[PDB]
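**Student:** I would like the atomic coordinates for the input below:
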Amino acid sequence: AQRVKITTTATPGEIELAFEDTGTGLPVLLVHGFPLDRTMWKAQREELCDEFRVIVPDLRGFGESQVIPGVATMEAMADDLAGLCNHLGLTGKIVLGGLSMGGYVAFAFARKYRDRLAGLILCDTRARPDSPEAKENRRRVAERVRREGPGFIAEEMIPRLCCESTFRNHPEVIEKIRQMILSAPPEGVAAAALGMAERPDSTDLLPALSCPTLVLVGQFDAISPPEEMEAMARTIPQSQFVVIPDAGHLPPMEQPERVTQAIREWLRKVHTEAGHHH
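**Tutor:** Numbering: from 1, shown residues only. Coordinates below:
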């Protein structure tokens, strides 16, 4: 992995991001969820790099990236991604993928940087904004995590994040997810919780998308359910909708091969060398 100071149009104008960059060719940036880090996309990075260039950052406040106290808006996170691509000389089109919060970041990027997208991958995410009770819950999580750290988040969320078959067949995956949550910087978690509370509604963005979009969901996702994601896909032009069997909310980790294959086959259709040149 690398760590670089990037220039970003969001406050505070410069930020140090940790990231992985593996493979050559057409760029695919994959954005983790909340409270996660770049390692949640490790299987896809390590496999897709035979055919694509896979870039996987720790977002501001997460993993090994700089923590920026206050509010980390979805827009700011998207600005940081644009700045990372600028740093790397990836100033043409990319495919951008995200899971859950990472999907919220992808929407923010599509609003602002639509001309930089060859495609979008939306996994286990939602277009609606937070309800009032969800906003209040973000504030409560922020307040507490700053002081107590993320253990309470792991305790609440682990039983909800993955399907029963993952617990039974892949206890090592459960433990990796637990460690990922437990390691998340307290103030980074807080700043992102507050940022999520204030994200806009992306419902009307969806029909306005101008690139192919892959919509992926675990069969047993209780958090961003398949019925909701299917309904989302029906409003996105040039969508492909894929339900990953025997996965909950974290298909990339629970069913890594199925997710890698779904992404690979879709990328072959949408992210071509001739499109990069012209």
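
**Student:** how close does the residue nearest to the spatial centre of the chain sit to residue 14?
**Tutor:** Closest to where the C-alpha atoms of the chain average out (C-alpha atoms, centre = their mean) is residue 102, at 2.3 Å. Residue 102 sits at a distance of 22 Å from residue 14 (criterion: C-beta to C-beta, to the nearest Å). (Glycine included, C-beta is placed from N, CA and C.)

**Student:** Tell me which stretches of the stretch 1-150 of the chain form strands.
**Tutor:** Per DSSP state E, counting those that start in this stretch, the stretch 1-150 of the chain carries strands over the ranges 2-7, 14-22, 27-31, 53-57, 94-99, 117-123.

**Student:** so which of those comes closest to residue 136?
**Tutor:** Smallest distance to residue 136 across these (C-beta to C-beta): 24.3 Å, for strand 94-99.

**Student:** any chance of the strands of the stretch 1-150 of the chain in CSV, plus distance to residue 82 and mean neighbour count?
**Tutor:** What follows is these, written out as CSV (distance: least, C-beta to C-beta, whole Å; neighbours: other C-beta atoms under 10 Å):
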stretch, distance to residue 82, mean neighbour count
strand 2-7, 9, 15
strand 14-22, 12, 19
strand 27-31, 10, 26
strand 53-57, 12, 25
strand 94-99, 10, 27
strand 117-123, 11, 26
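
**Student:** Please name the residues that touch the residue nearest to the centre of the chain.
**Tutor:** Applying C-beta atoms under 8 Å, 6 or more residues apart in numbering, we find residue 102 in contact with 30-33, 59, 123, 125.

**Student:** Widest-spaced pair of those?
**Tutor:** 59 and 123 (15.4 Å).

**Student:** helices or strands up against the top helix by length along the chain?
**Tutor:** Longest helix in the chain, counting residues (DSSP state H): helix 132-148. If contacts are counted by 3 or more C-beta pairs under 8 Å, 6 or more residues apart in numbering; DSSP states H and E, helix 132-148 sits against helix 151-161, helix 186-197.

**Student:** quick one: that helix to helix 186-197, angle?
**Tutor:** With axes from the mean of the first three to the mean of the last three C-alpha atoms, to 10 degrees as the basis, helix 132-148 and helix 186-197 are set at 170 degrees to each other.

**Student:** So for helix 132-148, what gets flagged as buried?
**Tutor:** Neighbour-count burial for helix 132-148, counted by 16 or more other C-beta atoms under 10 Å, picks out 135, 138, 141-142, 144-146.

**Student:** Can you tell me what sits against it?
**Tutor:** Residues from elsewhere that reach helix 132-148 (C-beta under 8 Å, 6+ apart): 130, 152-153, 186-187, 189-191, 193-194, 196-198.

**Student:** let's see 10 Å
**Tutor:** Helix 132-148 has contacts (C-beta atoms under 10 Å, 6 or more residues apart in numbering) with 34-35, 69, 71, 128-131, 150-153, 156, 184-199.

**Student:** Just the C-alpha atoms of that helix, please, in PDB.
**Tutor:** C-alpha atoms of helix 132-148 as PDB (Å, rounded to 0.1, in the frame of the first residue of the first chain):
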ATOM      1  CA  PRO A 132     -35.200  11.900  11.000                       C
ATOM      2  CA  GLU A 133     -34.800   9.000  13.400                       C
ATOM      3  CA  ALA A 134     -31.800   7.700  11.400                       C
ATOM      4  CA  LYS A 135     -30.200  11.200  11.500                       C
ATOM      5  CA  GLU A 136     -30.700  11.300  15.200                       C
ATOM      6  CA  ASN A 137     -29.100   7.800  15.500                       C
ATOM      7  CA  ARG A 138     -26.100   9.100  13.500                       C
ATOM      8  CA  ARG A 139     -25.600  11.800  16.000                       C
ATOM      9  CA  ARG A 140     -25.900   9.400  18.900                       C
ATOM     10  CA  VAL A 141     -23.400   7.100  17.300                       C
ATOM     11  CA  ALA A 142     -21.000  10.000  16.600                       C
ATOM     12  CA  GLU A 143     -21.200  11.200  20.200                       C
ATOM     13  CA  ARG A 144     -20.500   7.800  21.700                       C
ATOM     14  CA  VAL A 145     -17.900   6.500  19.300                       C
ATOM     15  CA  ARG A 146     -15.700   9.600  19.800                       C
ATOM     16  CA  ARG A 147     -15.400   8.700  23.400                       C
ATOM     17  CA  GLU A 148     -16.000   4.900  23.600                       C
END
